[PDB]
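Here's the structure, in structure tokens; my notes come after.
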């Protein structure tokens, strides 16, 4: 038996299931171990200013995808095409790998769409 979940007053900007705010490189790899061989999460580094990365576990391996940046300010991890924003990067890919190791299907567990209010 294991229970533990209560609402907090503190405000947060981590809605997306895959998005897990700032997470230590290790934290990602480890946490992944607590999931199937088809989970993908998005961690964020502290040192570097706004440094995201998509690390999905597969066949006992963690594929890192350092999101690139264009002159303007777009994100896209591939050499076939480009994307406007991140949401589209993961959304579009979710359907087809288009280069990635696999198709982002399971971003994060206990995925919640409707939650409490906060601002």
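Along the chain as shown, the residues are counted starting at 1.
Placed from the backbone N, Cα and C atoms, the Cβ positions cover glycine too.
Quick look at what Swiss-Prot lists:
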- 18-108: domain 'SH2' (DOMAIN)
- 19: phosphotyrosine (MOD_RES)
- 30: phosphotyrosine (MOD_RES)
- 63: phosphotyrosine (MOD_RES)
- 76: phosphotyrosine (MOD_RES)
- 106: phosphotyrosine (MOD_RES)
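Features as listed in the PDB entry:
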- 1-7: expression tag (SEQADV)
- 114-119: expression tag (SEQADV)
Spatial neighbour of residue 63 (phosphotyrosine) that is closest, considering only the modified residues 19, 30, 76 and their CA atoms: 30
From modified residues 19, 30, 76, the one whose Cα lies nearest residue 106 (phosphotyrosine): 19
Least buried by Cβ count (within 10 Å) of the modified residues 30, 63, 76: 30
Cα-Cα distance linking residue 19 (phosphotyrosine) and residue 30 (phosphotyrosine), given in Å to the nearest integer: 16
Cβ neighbour count within 10 Å of residue 106 (phosphotyrosine): 18
Cβ neighbour count within 10 Å of residue 19 (phosphotyrosine): 19
